[PDB]
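What follows is a single structure, written as structure tokens, with notes after it.
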Amino acid sequence: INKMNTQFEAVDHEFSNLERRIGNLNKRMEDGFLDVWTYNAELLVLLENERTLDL
Amino acid sequence: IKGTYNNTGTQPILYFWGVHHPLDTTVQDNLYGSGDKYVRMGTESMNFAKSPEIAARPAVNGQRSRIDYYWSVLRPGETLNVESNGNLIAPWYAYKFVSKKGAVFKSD
Amino acid sequence: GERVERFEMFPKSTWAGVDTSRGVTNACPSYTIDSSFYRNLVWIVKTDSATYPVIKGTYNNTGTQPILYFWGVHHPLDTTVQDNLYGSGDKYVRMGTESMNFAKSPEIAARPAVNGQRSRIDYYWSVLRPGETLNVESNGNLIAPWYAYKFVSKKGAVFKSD
Amino acid sequence: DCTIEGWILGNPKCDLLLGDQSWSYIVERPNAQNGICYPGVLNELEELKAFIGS
């Protein structure tokens, strides 16, 4: 819980009609960070439960 | 017409103004005088100058004219000068502003 | 973009009092002739009579498809070229919608020659939303829209490869 | 009932927010109808919203 307390802050600013590219960049960055954090947390949970029951 | 405002305090000043674009030369010559018009504004770091662009746009809320709105932030110690020969929407009220990081939510 | 439908928005018979056929140049050739122009834009030129009368156009949106459209402003190299292709006096090219505002003035300058042309044409584009009306007005130097694209979208990308 | 545009511009139908105010976050309803009354374009509106959020 200590090493996971670091929060990644992200808010969706308004993007205009001519800011499709910046909007797509924001979306891709936030989605990639979400995928990374979700994968890390889930696989850590699995491996930790494994080695805990083994212990 | 000319105007000026000095900044004495320590609060930034968010302010707004606008330029009116009629639909006919008749509307322009009726609301304002004749000749070349302009709306210019300056600060220690801001420079703005807009000329009237008369065109008959589609009607929105019964208006075929337009008003382009612009905004700026006068920094503490910064002076603002405004000059116009016509088509000027003049600032009347502004906001002294002190900031700290936040966000905006679009929900019901 | 998922699907497009090319249509004609402002026909050549919309601009009154101006010559609609002279809008060709050797810099934009086809495979048959040497002097042509874009199949979607019209280079409006003066008739025998001078002064380039004020031209207006409009288009209403009835359907449910957004309309990608293009236009342009011509900048000659001399006041001679401007006074020859268009009338005399202050020119302008202005356009408006429910959300778009455009206004360009002629900026005559002798640029370096590209494809035998020392003049320029600034191209601009926009997307008329469903239910949005478009108005166009000009006293000269206008490249008028002729064909536009009704457009229905879904996320995709573009690849630069051989 | 309004947008940020009509709020800081001073649409006469959004005068409940007024004078000296303070907050931590701002809520904007989606189906509002009191925005820009006289038609026009508010330049750098997205940057204005971002600067107002702070």
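Chains: A, B, ... in order of the structure tokens. Residues: from 1 per chain. Ligands: from 1, in order shown.
Near region 23-30 of chain B, within 7 Å and counting only C-alpha atoms, sit residues 54, 55, 56, 57, 64 and 65 of chain B; same-chain residues fewer than 6 positions away were not included.
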Using only C-alpha atoms, which residues sit within 7 Å of residue 27 (chain D) once same-chain residues fewer than 2 positions away are excluded, as a ChimeraX atom specification?
/B:104-107 /D:25,29
Counting only C-alpha atoms, collect the residues of chain D whose closest atom lies at most 6 Å from chain B, and write them out as a PyMOL selection string.
chain D and resi 25-29+39-43+53-54
Residues of chain A within 12 Å of chain C, only C-alpha atoms counted, as a ChimeraX atom specification:
/A:17-18,20-21,24
Go ahead and save the residues from that selection, with C-alpha atoms, as a JSON list (two decimals), in the first residue's frame.
[["chain", "number", "residue", "atom", "x", "y", "z"],
["A", 17, "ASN", "CA", -12.80, 21.38, -32.87],
["A", 18, "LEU", "CA", -9.23, 21.99, -34.11],
["A", 20, "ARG", "CA", -8.39, 16.57, -32.28],
["A", 21, "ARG", "CA", -4.69, 15.65, -32.21],
["A", 24, "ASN", "CA", -6.13, 11.92, -29.05]]
Name the residues in contact with residue 82 (chain C) at a cut-off of 10 Å, using only C-alpha atoms, excluding same-chain residues fewer than 5 positions from it; report them as an mmCIF file with N, CA and C atoms, in the first residue's frame.
data_model
loop_
_atom_site.group_PDB
_atom_site.id
_atom_site.type_symbol
_atom_site.label_atom_id
_atom_site.label_comp_id
_atom_site.auth_asym_id
_atom_site.auth_seq_id
_atom_site.Cartn_x
_atom_site.Cartn_y
_atom_site.Cartn_z
ATOM 1 N N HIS C 74 -7.001 34.396 -52.999
ATOM 2 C CA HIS C 74 -5.908 34.595 -53.942
ATOM 3 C C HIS C 74 -5.148 35.872 -53.607
ATOM 4 N N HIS C 75 -3.822 35.770 -53.557
ATOM 5 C CA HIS C 75 -2.940 36.908 -53.304
ATOM 6 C C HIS C 75 -2.030 37.092 -54.509
ATOM 7 N N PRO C 76 -2.286 38.089 -55.362
ATOM 8 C CA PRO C 76 -1.419 38.312 -56.528
ATOM 9 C C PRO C 76 -0.053 38.861 -56.146
ATOM 10 N N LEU C 77 0.789 39.123 -57.145
ATOM 11 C CA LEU C 77 2.128 39.645 -56.905
ATOM 12 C C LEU C 77 2.242 41.143 -57.146
ATOM 13 N N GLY C 87 -11.559 43.729 -59.728
ATOM 14 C CA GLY C 87 -11.778 45.153 -59.841
ATOM 15 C C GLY C 87 -10.781 45.956 -59.022
ATOM 16 N N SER C 88 -11.102 47.236 -58.866
ATOM 17 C CA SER C 88 -10.296 48.159 -58.083
ATOM 18 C C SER C 88 -11.002 48.486 -56.774
ATOM 19 N N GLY C 89 -10.214 48.823 -55.765
ATOM 20 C CA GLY C 89 -10.728 49.164 -54.455
ATOM 21 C C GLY C 89 -10.374 48.113 -53.419
ATOM 22 N N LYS C 91 -10.739 44.963 -51.291
ATOM 23 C CA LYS C 91 -11.319 43.643 -51.474
ATOM 24 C C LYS C 91 -11.392 42.910 -50.142
ATOM 25 N N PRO C 106 -6.943 40.799 -49.167
ATOM 26 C CA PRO C 106 -5.868 40.503 -50.124
ATOM 27 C C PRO C 106 -4.544 41.094 -49.658
ATOM 28 N N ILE C 108 -1.109 41.517 -51.347
ATOM 29 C CA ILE C 108 -0.382 41.432 -52.609
ATOM 30 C C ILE C 108 1.115 41.524 -52.336
ATOM 31 N N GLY C 140 -13.895 40.318 -54.149
ATOM 32 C CA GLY C 140 -12.797 39.960 -55.023
ATOM 33 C C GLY C 140 -11.874 38.969 -54.355
ATOM 34 N N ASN C 141 -10.958 38.434 -55.163
ATOM 35 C CA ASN C 141 -9.900 37.529 -54.711
ATOM 36 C C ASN C 141 -10.443 36.246 -54.087
#
Please identify every residue of chain C that has at least one atom no more than 8 Å from any atom of chain B, counting only C-alpha atoms, and report them as a list in words.
residues 94, 95, 96, 97, 98, 103, 133, 134, 135, 136 and 137 of chain C
Measuring between only C-alpha atoms, which one of D:2, D:47, D:17, D:35 shows the shortest distance to chain A?
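Smallest separation from chain A among the options: D:47.
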